[PDB]
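One protein chain, two forms: both are listed below as structure tokens, the first as structure 1 and the second as structure 2.
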Structure 1
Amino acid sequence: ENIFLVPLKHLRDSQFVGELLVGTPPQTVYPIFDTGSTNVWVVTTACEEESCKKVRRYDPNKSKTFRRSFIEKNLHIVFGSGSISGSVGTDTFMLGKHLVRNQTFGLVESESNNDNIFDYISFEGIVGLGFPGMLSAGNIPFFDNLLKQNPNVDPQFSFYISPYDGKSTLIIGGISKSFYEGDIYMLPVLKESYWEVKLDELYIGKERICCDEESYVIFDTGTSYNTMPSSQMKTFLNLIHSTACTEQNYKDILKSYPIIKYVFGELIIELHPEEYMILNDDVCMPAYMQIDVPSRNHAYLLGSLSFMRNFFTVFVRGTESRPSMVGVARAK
């Protein structure tokens, strides 16, 4: 079909960046591809923080096709511990040789100096891939606009994450058994804002910690760590502690620690210790954090390095003839 591939680079932390061209003649940026948001942000030459001067900065004055917005302004977003601010504009984008004209985006003009998250990462922008309901500026999100202008591309994208060999890639318009084995298990999206599906049960080893009431998983490629709500996290940290992981005993800990099982009807997503434990300098720490999502507080995030390396994930946008779905398959 019209399927095409966008190579992905893992820099540090977890977030995955790909090549995006902006403007005429094209300027190159390497934004995060984020299923947890919907806007496009691009770091520009108006940002004079040192955390901005160190990265590639888009210059809107060098783009023939850039049109600054007169009526939309003062776009501001919290960015983890940090925050970004800027203005609104429109330009032509290119992703994997596919053109996207008249695309509205945020121009970063200021990054917080809070430690300071922008010092730990190499941030050049964000391509949001969530649903239209989270769009802040402009009247059409990036992926929606690309599909409108490339109508033979099927409305879906998938992430193949293989950081051990630099072979990670974002696939648009379809899927391939080059990246997965077994069946694809389709999970219906319940609410079209985040890619959010029903979670039936969650086990830590043999201990069921969920669910007696409707609960949710959000597939968020912009998060590094998987999450649990407050109550389950107290259970988790009583069951799973940081531990010495030296050359002598780390394989022992990876075999011994419990498997975490997410149950979605027939699909069981299993995370082994090698997935959710982070080895750093002779110590293993569990890669889970406490996140409580308002309406909710029954939402669990699944994101990047730990989970997506072992599971090929397919994001199927609903159309006039099908609902939105998340497909999960065993990676490789």
Structure 2
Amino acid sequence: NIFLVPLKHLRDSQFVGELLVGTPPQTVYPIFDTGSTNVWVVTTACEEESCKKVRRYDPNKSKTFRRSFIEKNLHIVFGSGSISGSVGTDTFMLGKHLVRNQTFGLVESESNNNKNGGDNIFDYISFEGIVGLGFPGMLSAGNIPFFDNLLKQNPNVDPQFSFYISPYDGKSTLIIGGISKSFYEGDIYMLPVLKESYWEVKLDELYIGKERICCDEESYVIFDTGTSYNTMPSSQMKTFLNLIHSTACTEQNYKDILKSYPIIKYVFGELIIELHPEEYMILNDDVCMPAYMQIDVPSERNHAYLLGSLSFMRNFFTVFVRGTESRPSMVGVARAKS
């Protein structure tokens, strides 16, 4: 049995889907993140302005909510903001499928702890939560992650999911347990996941046009729906900004200005995945920018390259296959439909 969960592309970068929590059920619209594993829900215990503007789950109105003991609020700090809150368990429902006794994080503050003077991601978006879809290694608290708990309680669902991203129409969809040829064109190329925390596969080479920028050290590609942009390590970013400059542009001449920009080629052994200038240049205000940011995923000697939603999944249908005993963990990539 296979089912799907449609996603609404919001005015911010978000692709949110319907999620029901508690008894009687309350409705929240979280994003679905392959770059984290916790489940976060914005609650009424967060009285901040960036919280009060959205639908807030109230645990006091849930007969099935249970409070978990913690010594301190768990604090998650990342690039553009911070999430902080407590933890409990409740019963969830996603696409009419039931997940009971699921541990999740209750957002109680969105204060930015990188630089507390402004620049907070939650001021610019209508954030209601995160459904983590990564591997159990990244679970911060609780007995079992959300997706695994869904499968344990729905054993006729196959441990896999996939994302069709099309921001222009309303056909953006998350499908759980399978795929559909109604989304991709051609074949699906499989890449083994070698690091079961993120959805992380090995990257062999990376070209910006004809210039080879990777790899001389061990490099990896992370498929992360929870970022709009693609990323590169700091070292390659100085090179990237010298080969791909941002320029002024308009909606009228952008095809003309990007005629000279290079093709970005991601090489996975035999598979070559190309990014054309109109597929990685973002247009905001009157500036054509590369849809790339600088992220150094922490590790001793590994380098991680992230593939985001706006720049990658919009053009490439992506399948995530959880490993079992009859198969390993892989990600599948195919061209998307028009």
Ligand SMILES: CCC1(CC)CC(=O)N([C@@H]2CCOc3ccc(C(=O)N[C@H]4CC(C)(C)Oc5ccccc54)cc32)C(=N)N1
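Residue positions are counted from 1 along structure 1's sequence. Here the rigid core means the biggest group of C-alpha atoms that line up within 1.5 Å when the two forms are laid on top of each other.
J.: Name the structure that is the form deposited with the ligand bound; the other one isn't.
T.: That would be structure 2.
J.: Of 73, 97, 177, 241, which one has a Cα that moves 2 Å or more between structures 1 and 2 once the core is lined up?
T.: One residue passes the 2 Å cut-off, namely 73.
J.: Under a superposition restricted to the rigid core, does residue 14 display a Cα displacement of 2 angstroms or more between structures 1 and 2?
T.: Yes, the C-alpha position differs by at least 2 Å between structures 1 and 2.
J.: Comparing between structures 1 and 2 on the rigid core, is the C-alpha shift at residue 213 2 Å or larger?
T.: Moves: yes, 2 Å or greater.
J.: Taking the rigid core as the frame, how far in Å does the Cα of residue 283 move between structures 1 and 2?
T.: Its C-alpha moves by 2.2 Å once the cores are overlaid.
J.: Report, to one decimal in Å, how far the Cα of residue 86 moves between structures 1 and 2 once the rigid core is superposed.
T.: It moves 1.3 Å at the C-alpha.
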